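Next comes just one chain, in structure tokens: the form deposited in one PDB entry.
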């Protein structure tokens, strides 16, 4: 019973209940609990996720030492997570010399050279979504964004794997779309109060990934493994290293699964938050629709170079990620006893960075609740501390697919705004009350109208 660790180091925090800790404070979500703890205890505080002590830091120098400086030596892995089954070899779940091995073997797959060659591949499903998006513009019915974007994000992330060319929104039955789309609840709440039951669930072969499909995705990838014109994509640029070194056949499959759990919901959710802001702020939607027509006249198809050229588009993507950081938190496990930026961090304490709260702190942001894309203009690019705004993390273990996610979301935003306009509807929850659950989602699916240009 080590619930007195934060009163021992003189670090303030809410009163933890026995065994439970401060998990009852999650009744308002992580975000509201992070904002209240920030406006109460200040720069550094602590709490307990059961018996797990979590130290929160908000100083830019302290965040840099944890994320960048002493990352390899001290803060290398995130908090343990189980049960995983055979999926502990995933890079986002791997630890130590297995992770840095996997990090290097998968780093060249996210190179701008490899990314410029993926432009014609993922540009073939933007017009696919436009065809499916025109279906509901003439119907006159409001459109759920997570369903149209989810199909596009699926057809993009699958074509970058090997890949497969499906029309997910028009084909909701092939044995590869529904098989995949199975991607603070009664289960995850118990494994935090009872982390000692995790080794039990592993010997029972129970996993958070239902292994009714993973073994399919094993021998469907083993079928698509080996059994001209084979070009840039994830599985190919991972199979070249298949023939510290080499990637097991099962390890490479785990990295293919983690990329789908990586790109699918994260791309579609952020795209949903972007179209909500463009609807609730039609002035931003018009100024963006004019920079697209300027860089790309005549509804020209976008290229790799023309996307980096649009600056007001990157300002819209960055300002939406500030209001809706889908990561919410950034966590690192303290390996040994260190003293960073003044204070001493004991061994085994999870260091957490409240990304959602810092993105709405009035000390760094003017009108925090407002959606002001001008916050990221070249006139204002420098008034932003890089260690306060981290929607993709920072340091050696940041988002490995940041350049892919930004290019994939922007390419969809361009060809969608080239043909469609967005004016809010009645069912539109305004202001959008965020999901009080355990992941940054809309409480009710973002349902908006869709019109044609």
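Take the two forms, superpose them, and find the largest set of C-alpha atoms that agree within 1.5 Å; that set is the rigid core. Positions refer to the first chain, counted from 1.
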Does residue 161 have no coordinates in at least a third of the other PDB entries examined?
no
Check this for me: in at least a third of the other entries compared, is residue 190 absent while its neighbours are modelled? no
In the entry, residues of the deposited sequence missing between residue 173 and residue 174 amount to none
Going from residue 227 to residue 228, the deposited residues skipped in the model number 4 to 9
Once average C-alpha B-factors are taken from the entry for 404 to 412 and 381 to 389, the winner is 381 to 389
Taking the deposited Cα B-factors and averaging over 211 to 219 and over 300 to 308, the higher mean is found in 211 to 219
Looking only at 72, 364, 234, 152, the Cα with the top B-factor belongs to 234
Per the deposited B-factor column, the C-alpha that peaks among 325, 348, 82, 142 belongs to 142
Residue 121: C-alpha B-factor third of its chain, per the entry, is the highest
Quick tally, chain-level thirds of C-alpha B-factors: residue 360 sits in the middle
Sorting the chain's modelled residues by C-alpha B-factor and splitting them into thirds places residue 418 in the middle
Chain thirds by Cα B factor, record data; residue 424 belongs to the highest
On the chain's distribution of Cα B-factors, residue 12 falls within the third called lowest
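What comes next is about the form deposited in another entry, which does not appear here.
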Among 306, 159, 266, 220, the C-alpha that moves by 2 angstroms or more between the shown form and the other one, rigid core fixed, is that of 220
Does residue 211 move appreciably between the shown form and the other one, meaning a CA displacement of 2 Å or more on the superposed rigid core?
yes
Is the shift of residue 364 between the shown form and the other one large enough to count as movement, that is, does its C-alpha move by 2 Å or more after the core is superposed? no
Just checking, between the shown form and the other one and with the core aligned, does residue 177 shift 2 Å or more at the CA?
yes
